[PDB]
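Chemist: Generate a structure from the sequence data that follows.
(4 chains)
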Amino acid sequence: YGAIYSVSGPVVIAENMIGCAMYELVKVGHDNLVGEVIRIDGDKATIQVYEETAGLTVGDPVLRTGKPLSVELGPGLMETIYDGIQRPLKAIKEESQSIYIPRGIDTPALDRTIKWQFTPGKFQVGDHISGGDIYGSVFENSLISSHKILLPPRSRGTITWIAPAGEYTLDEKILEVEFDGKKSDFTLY
Amino acid sequence: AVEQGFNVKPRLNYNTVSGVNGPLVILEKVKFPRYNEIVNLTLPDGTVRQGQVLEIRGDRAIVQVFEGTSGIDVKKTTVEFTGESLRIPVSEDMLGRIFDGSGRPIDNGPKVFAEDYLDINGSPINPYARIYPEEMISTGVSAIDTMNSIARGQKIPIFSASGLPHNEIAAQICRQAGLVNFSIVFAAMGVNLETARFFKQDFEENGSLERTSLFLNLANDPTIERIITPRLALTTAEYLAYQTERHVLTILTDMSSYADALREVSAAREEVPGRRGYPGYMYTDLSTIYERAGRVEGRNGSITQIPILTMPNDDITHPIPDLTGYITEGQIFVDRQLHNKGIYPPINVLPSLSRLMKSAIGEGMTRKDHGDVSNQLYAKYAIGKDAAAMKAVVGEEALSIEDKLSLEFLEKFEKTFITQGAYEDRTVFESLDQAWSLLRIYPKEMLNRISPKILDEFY
Amino acid sequence: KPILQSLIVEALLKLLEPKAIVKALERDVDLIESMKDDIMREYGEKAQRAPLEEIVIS
Amino acid sequence: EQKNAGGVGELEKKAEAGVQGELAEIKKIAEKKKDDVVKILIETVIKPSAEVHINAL
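Modeler: Numbering: from 1, shown residues only, chains lettered A, B, ... in the order given. The coordinates are given below.
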C-alpha cells in the first residue's frame, strides 16, 4: 500500500512500494487506475498507468494487486469487444449509460450475469487432473458449440468435487482440486 | 441541475518558486501537488498568467506557463494552485465570438456566461458508442469530392507547405461544405495575422460568424498557448456537436506550429527526444487531438475535423505529417509543384487519400460510378506521371500509345478537372460528369479499373 | 464571530502547518486574539493531529 | 452599397430595437430572481467548509 511520489504523464513513481514485483498491476490513485510496475528502485516503483493520469496527486494510495496483467479467459469473451486491457466496451457503455469511458472503471472482463450451460467432462471425482485438462463444456454460440472448460495451466491435483450439469455463472464454483491438501476452487473462468 | 457549482474552495498561494527555466516554472514546496493542474502565476508586475503542472515530484511541481515566463521573478512571484484541470466555460451563445489562444474574448465582448465548465482533455469516447460516418460531405472541390471524399465525422487534414494556399483551400471547404448548416470551430495556432484576417474576413463574407467560434492564437501570441488552443477549440466543438446536437467542422490550422510548441516544451523538460527532437509522445498527443472527431451513437452531431498542417519542407516523412497521417484519417496533399504550375487548388491526388471514401461514396449515396471513376482517375494520373518521367528521362517517341494518351489525360486533368476557381462550387455529380469527360479520352478498352457494367452504362 | 471561526480553520486545515500567520483586518484582531485557543483546539480536532503550536496575528 | 450601408444604419436602429426587446427581459429576469441568487451566494461564501486533504487524512 504505497503512496504516489511522482506523476509525469503515464509514468507514475510510487513511494513505499516495497515488496512489489515487476510487471504487477497496481491500482494507482483514489479512482483505482490500472497500472503495471515497469521499474523498481529501492522502495519506489515506477508505474505506467493504463488510464488517464490527469488529476493524480502526490500521496494518493497505490494498491498492489499481486498479479501481472491478467486476462480473464473463459466463456463469455467469444463475441464481446474489448479495449487494450480486457475492458468490455459494451458492458462499460451499458453500466455507465454514457458515451464516455469512466476513469478507473471496474466492470468485470467477463460478465457474471449470464447463466452458462455446463456439461461435465470425462473426469470424475477422485481422478487426477493436470494443467490444461478438459473437465466440461459450455454451449456459447451456435458456432462455438462446445466452449470446453480448461483447468488452468500450472494448476494440478486430484478432483475433490466436480459440479453436475446445469446452468452456472462464472462466479459459481465448478470444480475443486486438492493438490497437497490445500483444496483449490476452480470456476468457469 | 449542477448544484455542486455553489461551492468555494480556497486556493494555496505559493510564493516558493525556483528553477524558472524557459517555458517551465518549478515550485520547491507544494502541499499535495496535483498533476495536470492549473495555476495562476501573479508576477511582481501584477499581471497573472495561467500555468499547467507538467510533472510533480514529492514536493515539486514543474509548471508550464502558457503566456510565457518572460518577467517571472523567483522572489516576488506568487503561484496559486486552482485545484483542477483547465476547464473552458462553454455555452450555446459561445458561437459567434472570437477568442484568444487561451479561450479569452478578443471581440471586445463579455466573458462567456458559462453553461458548463468542460475539461480541455475531454473524455475518452467509447469506441462501441461511435458511429462510422458514412455520410459524404460535398466539399465543392473536384480533386477532393471526386477522388478523396470527406465524410461527415472524418478527421481529414490538409497537408501543405509554406506559401501554398492551404488557408484558401480550407476556407473554401468551410464556405461550401453542404451534404451531398454547419457550425464551425476555428483554432488558429501561431498563424500570421494576415492568415487570421483572411480566415475571419472569409467567414464573415460567407456569413459564418453567426455560427462560428475562432480561437485565434497569432504568431505574436505566446508560443505555449499553442499547446492549449487546439484542446479548447476541440472541447468547444465536442460541446457544440454532442450536447447542442450541432454539426461542427473544426479547422485547426498550423498543427505544425502546435507540434513545434510541443517540441519546445519537450526540449525544456530535458526528456528523451524521439525523432527530429519532437517528443516521443507526439503520437499520443496528436491522437488525443485528432481522435476527438466523429459521430456518437446516442447524439446526432459530429466534428468534421479538418486540421490544416504545414510540411516543413514538403516532406511527408517529417514526424508531424507522418504521425498526422498515422492518426488522422485521410489527407489532402497540397502540392508545391502544382502551385508552381499555377493550378488551384494545387491538390496532388496521388498522396491525397481518404479512408472513408469507399464507404461514403457510391452505391446510391452519390452515384453508381463514383468509386470506379475515382479509381480510374487515380490509376490514369499515376500512369501519366510515370509516362511524364519516362518522357523526360528518355525520348518521347519511346512512350507507348497508352503513355501518350495518359500524358494528354494528365494535362487535361490538372488544367481542367483539378483546376477549380474559388467560389465555383462544383457539385459531386458535375465533378463526376467532368471526370467521365476526361475518361472518354481513352477508348473503352483500356479503362480497366472501371467495372464493365458501369463502363457500358456511363461511357 | 462564528463565521471567522471557520474561515481561519478552513485555511488552516489546507495549510496543515504547525505555525500560522493570520493576516486579518485591523478590526478583527481583537476577535482572533480572543478566539486563538478555540481555533487551536478546532484545528487539533479536525486535522486528527496535535493542535498547531502557535498562531501569530500579523 | 452606400444605400445598403444606410439601410444597415436604419437596420442598426431596427436591430437595436430588436435588441431592446430581448434585453428588456434581461433586466426583468434579473430583478425577479436576483434576491434568491444573492441568498445562495451569501450562504455559500460564509458556509463553514472545513475538511483536510484526503491524502493527509
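Chemist: ok, how many other residues are close to residue 39?
Modeler: With no chain named, the answer covers chain A. 12 (other Cβ atoms under 10 Å in any protein chain shown). The C-beta positions use only the backbone N, C-alpha and C, and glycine is treated the same way.
Chemist: I was thinking of chain C, sorry if that wasn't clear
Modeler: Residue C:39: 21 neighbours (other Cβ under 10 Å).
Chemist: In which helix or strand does it reside?
Modeler: Taking DSSP states H and E as the criterion, the element that holds residue C:39 is helix C:29-46.
Chemist: Within range of chain C, give me the residues from chain B.
Modeler: Residues of chain B found near chain C (Cβ under 8 Å from any Cβ of the partner chain) are B:10, B:12, B:31.
Chemist: What lies in contact with the helix holding residue C:39?
Modeler: Applying Cβ atoms under 8 Å, 6 or more residues apart in numbering or on different chains, the set of residues contacting helix C:29-46 from outside is C:1, C:4-5, C:8-9, C:12-13, C:22, C:24, C:50-52, C:55, C:57, D:50-52.
Chemist: cutoff 7 Å now
Modeler: With contact meaning Cβ atoms under 7 Å, 6 or more residues apart in numbering or on different chains, helix C:29-46 is reached by C:1, C:4-5, C:8-9, C:12-13, C:22, C:24, C:50-52, C:55, C:57, D:50, D:52.
Chemist: Give the buried residues for that helix.
Modeler: C:31, C:32, C:35, C:36, C:39, C:40, C:42, C:43 (16 or more other Cβ atoms under 10 Å in any protein chain shown).
Chemist: Give me the spatial nearest neighbour of the closest residue to chain A within chain D, chain neighbours excluded.
Modeler: Of all residues in chain D, residue D:55 sits closest to chain A, at 3.0 Å by Cβ to the nearest Cβ. Excluding the flanking residues, the one nearest residue D:55 by Cβ to Cβ, 6 or more residues apart in numbering or on different chains is residue A:59, at 3.0 Å.
Chemist: Please apply the same query to residue B:272.
Modeler: Per Cβ to Cβ, 6+ apart, closest to residue B:272 is residue B:280, 5.8 Å.
Chemist: Tell me who's in contact with the residue in the stretch 101-250 of chain B that chain D sits nearest to.
Modeler: The stretch 101-250 of chain B approaches chain D most closely through residue B:113 (10.9 Å), counting by Cβ to the nearest Cβ. When contacts are counted by Cβ under 7 Å, 6+ apart, residue B:113 touches B:91, B:93.
Chemist: cool, and residue B:319?
Modeler: Applying Cβ under 7 Å, 6+ apart to residue B:319 gives the contacts B:275, B:276, B:278, B:282.
Chemist: Name the member of those with the shortest distance to chain D.
Modeler: Among the contacts of residue B:319, and counting by Cβ to the nearest Cβ, the member closest to chain D is residue B:282, at 32.5 Å.
Chemist: Next up, the contacts around the most centrally placed residue in chain A.
Modeler: By Cα atoms, centre = their mean, chain A has its centre lying nearest to residue A:72, at 4.6 Å. By Cβ under 7 Å, 6+ apart, the residues touching residue A:72 are A:86, A:109, A:110, A:189.
Chemist: hey, which strand is longest across chain A?
Modeler: strand A:33-41 (DSSP state E).
Chemist: Give the pairing partners of that strand; include direction for each.
Modeler: strand A:25-28 (antiparallel), strand A:44-49 (antiparallel) (DSSP bridges).
Chemist: could those go into CSV alongside distance to residue B:245 and mean neighbour count?
Modeler: Below are those laid out as CSV (distance: least, Cβ to Cβ, whole Å; neighbours: other Cβ atoms under 10 Å in any protein chain shown):
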stretch, distance to residue B:245, mean neighbour count
strand A:25-28, 36, 23
strand A:44-49, 33, 22
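Chemist: Among the contacts of residue A:72, name the ones that also lie close to chain C.
Modeler: By Cβ under 7 Å from any Cβ of the partner chain, no member of the contacts of residue A:72 lies near chain C.
Chemist: quick one, what contacts residue B:335?
Modeler: Residues in contact with residue B:335, defined by Cβ under 7 Å, 6+ apart, are B:346, B:347, B:348.
Chemist: What distance do you get for the closest residue to the last one other than its chain neighbours to chain A?
Modeler: When you say that, I think you mean residue B:348. In space, residue B:348 comes closest to residue B:335 once its chain neighbours are excluded; the distance is 3.6 Å by Cβ to Cβ, 6+ apart. Going from residue B:335 to chain A by Cβ to the nearest Cβ, to the nearest Å gives 37 Å.
Chemist: The stretch 301-450 of chain B: strands as residue ranges?
Modeler: For the stretch 301-450 of chain B, the strands defined by DSSP state E, counting those that start in this stretch occupy B:308-311, B:331-334, B:347-353.
Chemist: and chain A, which residues reach chain D?
Modeler: Near chain D, when you scan chain A using Cβ under 7 Å from any Cβ, you find A:30, A:57, A:59, A:60.
Chemist: And the helices in chain A?
Modeler: For chain A, applying DSSP state H gives helices covering A:89-96.
Chemist: looking at it, which residue lies furthest from center?
Modeler: Most peripheral residue of chain A (Cα atoms, centre = their mean): residue A:126, 28.6 Å.
Chemist: Contact partners for residue B:37?
Modeler: B:53, B:81, B:82, B:83, B:84, B:85.
Chemist: Repeat the analysis, applying 8 Å as the threshold.
Modeler: B:52, B:53, B:61, B:81, B:82, B:83, B:84, B:85.
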